[PDB]
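Participant: What follows is a structure written as structure tokens; I'll ask about it next.
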DNA sequence: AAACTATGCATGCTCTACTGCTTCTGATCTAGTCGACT
């Protein structure tokens with residue numbers, strides 16, 4: 411016998427790997443809140459591809475996912491604690 | 001010598017193909033709107 415299970419596949423470059431990983435691990439509400447905080451408080455645009463500064467037209471990529479929280483002035487969280 | 005017949009020719013008409021130019025039509029590429037998803 412067999413069963414039908416939904417599977418989602420995403421391909422991203424190594425440079426953008428942490429950004430996509432963060433975008434997909436966190437909950438929908440958590441991602442929305444993080445994006446709103448980034449754009450309103452820190453004034454930076456956050457999406458699944460990278461972090462952008464409208465003032466200085468240069469990407470703020472980083473080699474580790476924790477750098478995203480580090481540069482946004484937020485304490486680091488693990489995926490288990492990002493449940494909305 | 002005159003009447004009838006014969007050939008001969010020309011021109012307008014009809015059709016079928018042939019070629020080239022012009023216009024219409026069918027196939028192929030994108031903006032917007034709604035919807036689906038992560």
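Residue numbers (the deposited numbering): 411 to 494. In this text, a Cβ means the ideal position worked out from N, Cα and C, and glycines have one as well.
#1: With DSSP as the reference, identify every bridge partner of residue 469, one or two as the case may be.
#2: Using alpha carbons as the reference points, say which of 494, 454, 434 and 415 lies closest to residue 464.
#3: Can you tell me which residues form a DSSP beta bridge with residue 455?
#4: Quick check: the stretch 428-440 against the stretch 466-484, are at least 3 beta-carbon pairs closer than 8 Å?
#5: Do residue 470 and residue 481 have their C-beta atoms closer together than 8 Å?
#6: Using the C-alpha atoms, what's the distance from residue 456 back to residue 467?
Facilitator: This is what the structure holds:
#1: One-based indexing of the first chain puts residue 469 at position 59. BP columns for residue 469 point to 462.
#2: As a first step, residue 464 must be located in the first chain, where it is residue number 54. For residue 464, the closest C-alpha among the options 494, 454, 434 and 415 is that of 454.
#3: Numbered from its first residue, the first chain carries residue 455 at position 45. According to DSSP, residue 455 bridges with 462.
#4: Using a C-beta cut-off of 8 Å, the stretch 466-484 makes contact with the stretch 428-440, since at least three inter-stretch Cβ pairs fall below that distance.
#5: Position 60 of the first chain, counted from the first residue, corresponds to residue 470. Position 71 of the first chain, counted from the first residue, corresponds to residue 481. Yes, Cβ-Cβ distance for residue 470 and residue 481 is below 8 Å.
#6: The sequence position of residue 467 within the first chain is 57, counting from 1. The sequence position of residue 456 within the first chain is 46, counting from 1. Each residue's alpha carbon lies about 14 Å from the other.
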